[PDB]
Amino acid sequence: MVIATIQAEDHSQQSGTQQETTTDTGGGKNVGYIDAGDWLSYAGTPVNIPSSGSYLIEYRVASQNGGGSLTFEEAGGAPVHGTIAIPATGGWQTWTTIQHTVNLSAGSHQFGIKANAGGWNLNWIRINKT
Ligand SMILES: [Ca+2]
Ligand SMILES: [Ca+2]
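The numbering of the sequence shown is the authors' numbering, which starts it at 1 and goes up by one.
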């Protein structure tokens, strides 16, 4: 089942981005103005991983032109858990959920996201058991 849902805007620190209203299901806000080098820290909300192993990480994303990518990691940069390409979705508020698997150690994690290439918006992230 679901370990955590983290709204992207609920970061404890960030660099290079700005919040904006989203018209995705549920409304609220998304993170926008994402470019290479920009990042989001969720260190203020540690997430508990119950056992070491494979977890599915989902990202709710929108992208006009595609070309984006991110790195999912611990806040601060290391260890890195995984990377994912962000596809074109049709528009800045046309939303889809993408996913990948990563290995995570058991215990408390402070997650972060680094943008390797921009061109996308982020509504929320979800961590799931496999
Ligand atoms: Ca930016
Ligand atoms: Ca959101």
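Even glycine gets a Cβ: it sits at the ideal position worked out from N, Cα and C.
Can you tell me the Cα-Cα spacing of residue i and residue j, whole angstroms?
i: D24; j: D38; result: 23 Å
i: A88; j: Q7; result: 21 Å
i: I3; j: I57; result: 10 Å
i: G27; j: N65; result: 23 Å
Would you grab the beta carbon distance between residue i and residue j for me? Rounded to a whole angstrom, and I think it's under 8 Å.
i: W120; j: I86; result: 4 Å
Starting from residue i, follow the beta strand (DSSP E) in both directions and report where the run begins and ends.
i: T97; result: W95 to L104
i: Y33; result: Unbroken run through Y33: none, as it is neither H nor E.
i: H11; result: Where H11 is concerned, there is no enclosing beta strand (DSSP E), given that its DSSP letter is neither H nor E.
Cβ of residue i within 8 Å of Cβ of residue j?
i: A78; j: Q110; result: no
i: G67; j: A106; result: no
i: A43; j: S12; result: yes
i: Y33; j: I125; result: no
i: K29; j: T17; result: no
i: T94; j: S54; result: no
Exercise. Run through the segment 38-75 for me and flag every whole beta strand (DSSP E) of 3 or more residues, listed as ranges in chain order.
Key: 39-41, 47-49, 53-62 and 68-74
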